[PDB]
Every structure is written in C-alpha cells, then in structure tokens.
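So that you can tell them apart, the chains are marked A, B, C, D, E, F, G and H in the order they are listed, and the count of residues begins at 1 in each.
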Amino acid sequence: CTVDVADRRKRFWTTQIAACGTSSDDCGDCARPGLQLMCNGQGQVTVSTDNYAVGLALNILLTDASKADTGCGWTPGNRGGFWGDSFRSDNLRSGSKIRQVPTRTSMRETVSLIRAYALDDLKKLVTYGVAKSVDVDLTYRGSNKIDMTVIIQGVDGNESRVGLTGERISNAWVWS
Amino acid sequence: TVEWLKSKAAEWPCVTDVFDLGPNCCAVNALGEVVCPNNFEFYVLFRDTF
Amino acid sequence: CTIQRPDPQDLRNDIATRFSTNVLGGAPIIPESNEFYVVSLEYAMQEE
Amino acid sequence: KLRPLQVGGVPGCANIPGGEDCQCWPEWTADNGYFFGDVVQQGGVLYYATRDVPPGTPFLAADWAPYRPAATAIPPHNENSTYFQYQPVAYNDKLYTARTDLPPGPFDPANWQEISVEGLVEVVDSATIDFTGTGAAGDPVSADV
Amino acid sequence: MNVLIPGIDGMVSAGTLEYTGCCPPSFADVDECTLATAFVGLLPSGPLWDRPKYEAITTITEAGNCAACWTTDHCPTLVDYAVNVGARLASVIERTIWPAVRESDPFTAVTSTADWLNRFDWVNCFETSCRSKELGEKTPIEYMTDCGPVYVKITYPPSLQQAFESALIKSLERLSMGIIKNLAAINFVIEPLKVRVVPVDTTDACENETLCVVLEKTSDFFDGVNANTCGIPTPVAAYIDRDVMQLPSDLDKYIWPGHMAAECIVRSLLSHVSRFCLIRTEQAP
Amino acid sequence: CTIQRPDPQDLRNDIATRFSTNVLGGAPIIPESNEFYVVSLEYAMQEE
Amino acid sequence: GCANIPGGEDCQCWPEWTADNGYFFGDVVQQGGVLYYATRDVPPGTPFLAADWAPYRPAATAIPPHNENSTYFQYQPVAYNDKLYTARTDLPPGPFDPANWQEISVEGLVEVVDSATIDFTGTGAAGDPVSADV
Amino acid sequence: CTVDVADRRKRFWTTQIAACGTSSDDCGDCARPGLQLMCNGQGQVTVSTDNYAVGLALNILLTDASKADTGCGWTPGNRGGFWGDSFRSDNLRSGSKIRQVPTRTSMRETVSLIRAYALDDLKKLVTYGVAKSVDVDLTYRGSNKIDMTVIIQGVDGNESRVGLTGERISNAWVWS
C-alpha cells in the first residue's frame, strides 16, 4: 500500500547523444548518436534508458519525413516516412523535414525557413505530452554555419505546484 | 462390396434398418472349421409398417 | 471458423498491449520512440 | 554500479563464453543393435550395455548402467550377452574367465576357466543322515543314514 | 504407339506441360540469412538509420542462426534487432509452418505416419489371434506350440517402421481413390510397398480351379522420407534378419512387413472371387 | 501434439542466446531487466 | 573477425586437464600427451597432484586397493586385505563396510568316499557338484 | 504468370511525318505525311505503328474542323468536320481550326491568334489521355513566316515514380 507512490511504469531503450562517439572529419566533430550499453559487475550488459525527451528529439530530428507531392514524382523507395504511421491513432506523421528545405539565396531566408521547419517538427514533443515549451534559438548567417541550440522544458514526477494555467503533461513520468 | 450393398438396400422405401447375418447363423463343415459365405446376404427391418 | 488471420489493426493493437503490459509495466507506447519501432517490427514479423 | 561501456568493448565487460559441440562416444539410437560392453552417450552421460540389445528396443534402465573409462565391472553371469576371451564374470559368487568367444546362452562350465583353491566344508548331522569328515585330503566326507 | 505408364486406371499414356512461370517461392527458399538482412529494409531512412543500415553484415554461426558480425567498431542500434527479428521469423517458419504442411499430405508425412494409419483405420490381418485360416497354415511371424500357432508382436527399428508406415499410407491413399480390380491397377496401388502380383498360369484359365498369384519383390529398399526441405529420401532396407532381432526360432529367416501388408490388401481386394490362392515364397535379399 | 513442441527450457535458452548474440553482442542478460522481459514475451509469442 | 560469436575448444575424445572442473573416480584425462586416470574423487580447484592420477591405457584394467574417498560403481572390483570385493550398489565414498561389498569366492574341491548306504558323486567343481544318493 | 507484364493492347497504324517524302516548291521543303509501309525478309509488307502521339497530333492539326455559324452561311459540303463525330460519346469535335483565323493587320495579333487556336486544339491530346503537358512556342513575325515548335510530353509503360500531383494519364500504353 503506502509504498504506492512509485509508478510501476518503466522506460525502454533511449537513443543518446555521442553514444557511438565523435567522428572527426576536419570540418568539426559530430556526435554519431546510438544506443548506450551499460555494463555490470559480472558481464551482463544492458541498454541505457536515460534522457527520454532528448531521445525523442533525436528520433524526430534525425529521420526523414514524407516528401511533398510534385509533378516530377519520387522514386518508389525514396519518398520518406515510416510505414508504421499507417497504424497509429493520433493522426500524425513521423520524422522531420529540415533536410527538405527549398534552398534559396539570401541565407537569412533560409535561416527563417529552417527555423519554421525545426519548430513545427519539434512541436510534436508537446503534442505527444513529453515536454511543455520546447523552443529553438537558431541565430547565425556566416557563410553557411548555423547554431541551433534547443531547449526542452520538463517537469518532475510529483506535482509540486498548485494553480497552473496549462494541464500537466500526460507523460510526466518520463521526467521530461 | 458388403457395406456398399447394405448402404444401397437402405434406400428402398420403408426399409428402416439393415443388419448383417447374426451370430447364431454361422456354419461349419464336417471337418470342424468355419465356412465363409461366397454370397452377400443380410436382413432388413421395416420397423414402421409391419 | 474458429481461428483466422487477424485484422491488421487488431493484430498491432494486441501486440502493443502485450508489449506495454508485460515489458513497460503499463506505460503507453509513445510514438517515434524506440518502443514504437520495436512494436512495429514485431507486428511486421507476425504479418509476414 | 552500471558503467557506460564504449564503442568496441563488450569482450571486456563479459567474457563471451564460446560455443561447443562434442559428440564423441556415439549417441544412443534405437536403429542399432548393441552388444554387452558397447558404450553410448545418452543425455550427456555415458552408459554401457549389460546385455545384447536387439535393434528397435527403447532405452530401458535395466539394459544400461553408467560408465567411467577407468572403472572395471565383473557383472554376474548373464545368458543374453556375448563375452569376449578372458572376460571375467561372477557365477554363484565365484570368479570365472571366458576361455573363448562365447555366444549368448546358458552357463556351460566347459567354456569357462575356473580358478580353484583346494577347499573345505563343515557339516551338521541330521535326524535322518549322519555326516562325517571334512573333505580335506586324508579325511574324505562320508555319510551314513 | 505411345508408351504407357501405369495409372489409377490401368495403363494410361502421360505427357508434360510447358513451364508456366508462376509458382510462389516455397519453404526451401526461406533462409535465415536471406531474410535476416531483408528485414533491415523495414526501418525508416535518415541520418540516424543510413550508416547502420549500410554496415549491416551477417554471418552464420555453428547452429544456423544467422547473427550479426560485431566487428570491433560496432555501434549498437536497432538495425541488429531487425536482423534478430528476421532470423527468428525464418526459424519459427521452419519449425512451425514447414511441419504441419508436410504432415497434411500422405505422400510427404514424416513424423505423423502412425496418426495417418489411425485415420485410415488400417488393421493388420496377421497380428490377430482370430485370423482367417485361408491366410496360411502358419504365417511368417507365428511360431508353433502344441495348441496351435502364436503370433509375436515385432517392434521394428524406428527408421524401418517409419519407411514402412509411409509406404503403407501412400498405397492406402491411392487405393481409396477407387481403382478397378485388374492386375495393372492393383500393382500400381501396391507399388510403394515394393511388391508385385504376378499370375502363375499361362494358358487361358477360366476353366480350371485355383487361379493363383505369387507376390514378387521389386526392390530390397523402402524409399524413405526426408524431414528436410532440400535433399533426397534416404532409402532403408525393407527386411529383417530373424537372428539379429533375437526372435524365436520357428519364424522365417527374413521377415518382410511390406509383403505382409501387400498380401492383406490384395486378399481383401479379391475376396469376392471364389477360387484364388496366394502362394507366398520366402525371399532372401 | 502434432508438430514437435520442444522442451520449454531449451527454447527459452535458444531465444536468450539469439538475443545476446545479436543485440548485446554476446553478453548475458541482467535478470529482471528490459531485455529479460522482452525475451520472455517473444517466447510467449513463439509458443502461440 | 565477428567478435561476438566465440568459438574454440574444438573437440577431443580424451579431455584435457584443467583445475576448474572436478573429477570423480575413474575419469580419464589427457595431460602432456599422456592419459591418466583419477584414483579418488578429486574436488574442483585442486591443482595437479602426482598422487591423484595414475597412468592408464584403455584395455589395461586396474584393481586398486580400497580407498576412503572414491565413488565406486556397481560391480566394480577393489582389493581389501588382499581379498577381492565388488560393490553391490552405486555407493558413495566412505569407510569399508561388508554390507556394501560382495566377497567374490573362487572354487572348492572336497574328497568323498562311498559309504555302505549312500553313494557320493562329484568333487564340488562347477558342472561336477557334490551329490549324494542312497 | 510471372512473365505476365506486357499489355495485351496493340497499336493500329499511325500517320507519320515524311512518310510520303518531302515536296520541294522553291519556297522550302514540306513533309507530306502519310502511311509508312515496312517490308519484311520475304515480301509481305506491313504498315508501321511507331510514334503514336505525333500521329494523333498530325491527325488533329491537318484536319479542318467545323466552321462557325456566319450570317451568309456555307456551301452544303464545305462546312468542315467529320460526320463520325455524331457517334462519339465524349462530346467533342474532331480537327483543328488554325486554317480559319480571321486574318488581320499587325501580324503580332495573328501570331497570338494562331497560338490560341493551336493550343486550344492540341489540348485535346491531354484530354484524350495521350500526353500530359503539350505546349507550343510560336515566336516570330518576319514578313509572314512563323515558327511553331511543338512539344508533346510523354510517359513510359511502367509507373516508375511515386507521389505525383496529377495521375497516370489514361492511355500510357501508347508510350506517349
């Protein structure tokens, strides 16, 4: 009984930044995310399950969404997306489309376009009920360099504040 | 052929049941060995008429 | 009669329910997470 | 206590116990007929037949006894087993050796080499027969009714 | 002219059709490796799935089980889980669908032959103590005792009994298709048992008593059965040495189950005929 | 039975061995973990 | 490479020696190209001791003197007080107890003379047993 | 069976450019289209069936359509068209009307009129379902000379593109 206060809900494997190490290519150092294997005292490895929200954000940013219908067409196998979206019930798509920007001159317009796309795609974190106020701060024009820091606002696993305007996220058990 | 003939004779009108030759109707020769019938014989019962 | 290949959506709903009840302790299958892909993959296996 | 491992680093955490497939000591199979002595491997345990087994019979506890390569066995004489030369057996708690290759059959003293020793015996008198002597040399056993 | 091959209706002539082209790929095709690597196609595409899906190598361990090759630069992802799901799937197909499709046909059943015999209600004539006297004075498996013969239940070796039951089931399935009772159709039915019926008489019979027929062996080997999906049925011998199996001495030197089953079937087929022997001869391999 | 129905323990050992050779790279599994429960489900699914 | 699928210990018929496994009595092991057999139930972890293993060839039987730390099979012969004894059941290690071992005799011959009223026959040998008839 | 894919639909004869050869008249060399007869190894001539779309376009451009009602009227037999149009079910007319332009001064205006007429007529290629993107590039004024380059966008006999705005036309078996 009284023990109750701890959800029996668990978390599955989570993709993590720099799980497979950096990859230098003389332009900089990338992250190459993947799955982190946590070892034990006596063999018995196990996949890690931390940073759930960042895991969803990586799953969203780093997967191509469906392309838009053009008169040119697409190769049967290049039109992006996931067939598993045919079975979900929330009536949404899976992935992002930052890599589908219609490039143009005057890189300020390209920056604004990428901002719009990244924000529209990351809003699915709030729509799923995992964060509350995800937001981006994409600001640069350089030659082509761009910085795109992302903030994923979260909660705790026990409602400690009374009288909020919104409504507790539906999945505040991941701790966001 | 025995079961075939029985299943065919069952189709006669008002034939209720069809039986084989009972046990009290076997036959033995002088030597004392059972004789197998070379014909096909059986009984029928018109249980709702006679 | 009796048993037959199940409606695709019903098959996936049952696989998702089993996965969330016997593994994730009852947590919902949040879309676009690794459990979403694992469930999709199991459903594909059963369909094949 | 859980520690993040690395790229390229399970050989360390675990010890990756390798596989193994050893099937020496041919497996028992009912398709074969076995002789007394034939050793087989069943369920990972070595057994040796206690009698000539004809093909088709299932695995029974009365036909196979456990085996260890350095362990000897002088089993009691059986009439259903094929004995090689100089095979020691125990008949009425007396040791005998096979003179030649014996086919299956009942005991025949002419085919078995006995040891000997000279011998003694003690006798008690009965209400109908009186016994005398001990059987040794010089005192032959006698009996008068 | 035409050259006729035996059939369920005597000696029909046969032919061959043209290779059409369409025949779904069957069990033989499925392999863990050919569809472990295939399942990697079910994942999405993007910078998170491109490299891992490109570096997906697959190898075979000892006991099949096409696994992924973890070279010392791996990157744990879901791609290897997809390899795992595909491999499983091939395994469960080969252990669940390939049997129960192999067992539903009397001409391919391997592990369910005794069940098929229970379906076909096959009873042996030589194994009952109340056997017909016209079946011989002492059947090959009966030994003699002061008060008559005594049948001895034989426990054939597992492989030989498997092959014998399979042959019996093939012949019973062919017979259930309603043959005409001439000699060619009878011989075609009992062919899987490797036994042929051949008359003894030459002159037009039909005027003499005793129209007898001897049974003659067509091979010393049952065609066996392969549990696998690619290969050839391994043949087994169709006979038994009496002394090796350690049976009583009065029995025949070589006991043939196929011969006894064939004799049962043909003596049941030609029962309505009033005058017919069947002279059985001891056949050594 | 008519197919084979292998020994349960052997089947679970084979499932766990496949999961360790593929996903965990050859290491055994922590009892009462996500992978342990995943293996148990698969097993239930293969039994069905 | 494939550093996740391990293989080795290829397959021998006589196993190699190793401290990690325990050997019961009668186990044969191969060490230094020589076949040895254990003279007592060796517990795991113990190092190779020259007094626990004796040279062995498959057709060379050995009737060892009875030991206090050996697991003997049924009908397995041992030498105790210069007499031969065979185990009656699959018995665990322990001290010698006659209720566990059958003593194996060999033979005996006696001298018999025909009396006035009973004729004696035989000398007690197998197939020629001592018999009497009035 | 698996070797199925071959539309059992065939193509009838087609009119072809320069089938009957050019006809020099000292102003230039025209085409004189007709029917091409293909010979064989051993006699046995046969009418060719290549280039279906251009054949339809020729049959459209080189056939006078019904003229418009005037106040004076037309001779009973000069009013263009084809009586066979009384039986088609698509409710359309057969032929073109570029030879009926009301000629005027300022040849730029006649150019625009010929453009309108030829584009209106050749839209029937898309309407019947044989092309998708017909278009002309009539550009000159000279003395009277004019170029009228015509493009007939086609497809192939196997849909190799996915996610189109339009649709596989109707008759993509002619290869267009």
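In this text, a contact is a pair of C-beta atoms (placed from the backbone, for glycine too) under 8 Å apart; a residue touches a chain by one contact, two chains touch by 3 or more.
Chains making contact with chain B as well as with chain F: E. Remark: the per-chain Cα centre closest to the mean position of all protein Cα atoms belongs to F.
To fit its Cα atoms onto chain F, chain C must turn through 140 degrees, a value rounded to the nearest 5. Centre-to-centre separation of chain D and chain E, using mean CA positions: 40 Å.
Computed centre separation for the pair chain A/chain B is 86 angstrom, with centres defined by C-alpha atoms. With centres defined as mean CA coordinates, chain G is found 73 Å away from chain A.
Contacts with at least two other chains are made by residues 10, 12-13, 15, 20, 35-37, 39-40, 43-47, 59, 63, 82-83, 94-95 of chain A. The set of chain E residues touching two or more other chains comprises 42, 44, 61-62, 67-68, 70, 72, 74-76, 78, 81, 88.
In chain B, no residue reaches two or more other chains under the touch definition.
Annotation, chain-chain contacts: A-C, A-D, A-E, A-F, A-H, B-E, C-E, C-F, D-E, D-F, D-G, E-F, E-G, E-H, F-G (touch as defined at the top).
By the touch criterion given at the top, residues 3-6 of chain G touch chain F in their complex. Contact residues of chain E toward chain C in the complex are 39, 42-44, 78, 81-82, 85-86, 88-89. Those residues of chain E whose C-beta lies close enough to touch chain D in the complex are 61-63, 70, 72-75, 155-161, 244-246.
Per the touch definition, chain D reaches chain F in the complex via residues 10, 13-14, 16. Those residues of chain D that touch chain A in the shared complex are 1-5, 7, 10, 12-15.
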